[PDB]
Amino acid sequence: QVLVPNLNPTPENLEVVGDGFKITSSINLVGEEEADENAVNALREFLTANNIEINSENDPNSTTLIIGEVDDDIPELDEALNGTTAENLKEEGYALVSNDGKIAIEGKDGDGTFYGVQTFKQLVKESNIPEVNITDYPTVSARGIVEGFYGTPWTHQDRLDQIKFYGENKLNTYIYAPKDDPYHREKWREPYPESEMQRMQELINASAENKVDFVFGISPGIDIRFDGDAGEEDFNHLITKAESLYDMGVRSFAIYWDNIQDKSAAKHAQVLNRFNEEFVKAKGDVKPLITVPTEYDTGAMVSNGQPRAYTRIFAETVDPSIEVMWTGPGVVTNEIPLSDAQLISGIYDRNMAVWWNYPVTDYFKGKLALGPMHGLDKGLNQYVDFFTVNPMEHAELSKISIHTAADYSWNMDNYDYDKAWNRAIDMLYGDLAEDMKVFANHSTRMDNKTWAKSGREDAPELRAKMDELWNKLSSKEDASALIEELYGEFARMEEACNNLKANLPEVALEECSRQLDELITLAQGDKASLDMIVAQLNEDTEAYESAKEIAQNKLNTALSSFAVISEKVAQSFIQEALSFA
């Protein structure tokens, strides 16, 4: 009896209708000449990789795969879906049926068929597939990543790997906007050199291959001139630059005004409108223009429930067709409640786009952000139609957070951040999943103790036992049971991190090796901290003085380490223990 494996995103409607069956070593492929070229290629790579030959002629004793779009006239597909249809679903939707030795995929459109194949790829383990009836479609139409952080831009190989990863998780958007690319911002007028344009072409091609909308961003707010000949010339520089990327296949554009000194709301919006009319609309096959205003968090946008000067004028002027992004109540903030999206959607009289600054860490580079989407309201889709996360300069470990963003944006009302977090690590880390959870569990909360705060609290279940222990001691209760529980947790912290150091692939390890060393140190310091409590209860001062020096030794190492992790849990416990009782 074959079970449904981990899926991501969580499909909207899935029922098991059979025991499952084993896919034969050679399959009948049906509808591939009419079906979406990218879907079929994804399917061929998968088949090749899992050693499944495709029959040159029909063989009745071999599994049959039928694939196609609603708008292909292919009846063998309607027959095999067995009353299930993709006809009535929203764009990017699909239907999938596996039953009685046949697998049928029907996409509402091609994007849909590609996503149907991704789910097919996820359902097969070792040639076995469950027998299921699926109809599936996204909550949010635009889902993906804005590469818009400060610091070391992603490499070419980072981005190509990222793009393949988006397609596998049905993320359909990637915005190119690295702050430290000189041609994106510092020197936005200058054309890309020939060799960089060759790298660009590769990224564009891979994007199309994986159904990702590659958005080319530009940030001219540093030094753009708006008026007379200078404003003409500067405007034509935007046109020239977008044209040269259009001519390579780019069909999405963004013009950003964030983090600049000039706050000319009217001029910003007029540039957008002019570009929207002379470029986006003229071309006719270019997707809606994206922007971010110079005021882009509720705090900077709104005062006493009423829009600020910049925002009011910008909202008044910007054409309704342009997507406008905002980061929520602060630049980096715990939550975006429904009421915040309602307010801002109200000022703009339109559905908004989110620029979510998590897991970005450019504001506190010592910590990894390894937690799930957290504090984003599950009804946000009432006011939000475009969702993007800003990742870290660490592309590999950003995958954990993005994985959960794929689930939240595709099936948002079903989204369980703990379940989604667990699934991300299970799917991405495999044999090492259990141990990686132990480590990652301590690295979900970002707090620069100033204005940036976001993410699930660090290992809450452990913080609760620690808190509980200080009560049992100040309350004179028998704590001996809790101390053994806690010794166990600290040993496992050490065990897990040593295992990761030994066994993680370079691609993950090269990104977090320093933080593993830090958590091992703190685990050792928490253990000595308990030894201190034990010795204090035994009025055994020799053991106390010895444990205390070790505790100070481990703490001294962490405070001087670049690495930051478990500030308020593993670290604080040692600081707590060094404060009498």
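The first residue of the sequence shown is number 1, and the count goes up from there.
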Check your understanding: Which is higher on average in the deposited entry, the C-alpha temperature factors of 485-493 or of 118-126?
Key -> 485-493
Practice item. Averaging only over Cα atoms, indicate whether 108-116 or 187-195 has the higher B-factor in the PDB entry. Key: 187-195
**Study point:** Residue of maximum C-alpha B factor among 267, 164, 442, 399, per deposited coordinates
**Key:** 267
Revision key, fill the gap. The largest CA temperature factor among 181, 247, 506, 213 is found at 181
Point to revise | residue 346 by Cα B-factor - lowest, middle or highest third of the modelled chain | key: highest
**Study point:** residue 408 - Cα temperature factor, lowest/middle/highest third of chain
**Key:** lowest
**Study point:** Where the record places residue 241 (Cα B-factor, split into thirds across the chain)
**Key:** middle
Check your understanding: If you rank the chain by CA B-factor, which third does residue 573 end up in: lowest, middle or highest?
Key -> highest
Practice item. Would you check the entry's CA temperature factor for residue 10 and let me know if it's in the chain's lowest, middle or highest third? Key: lowest
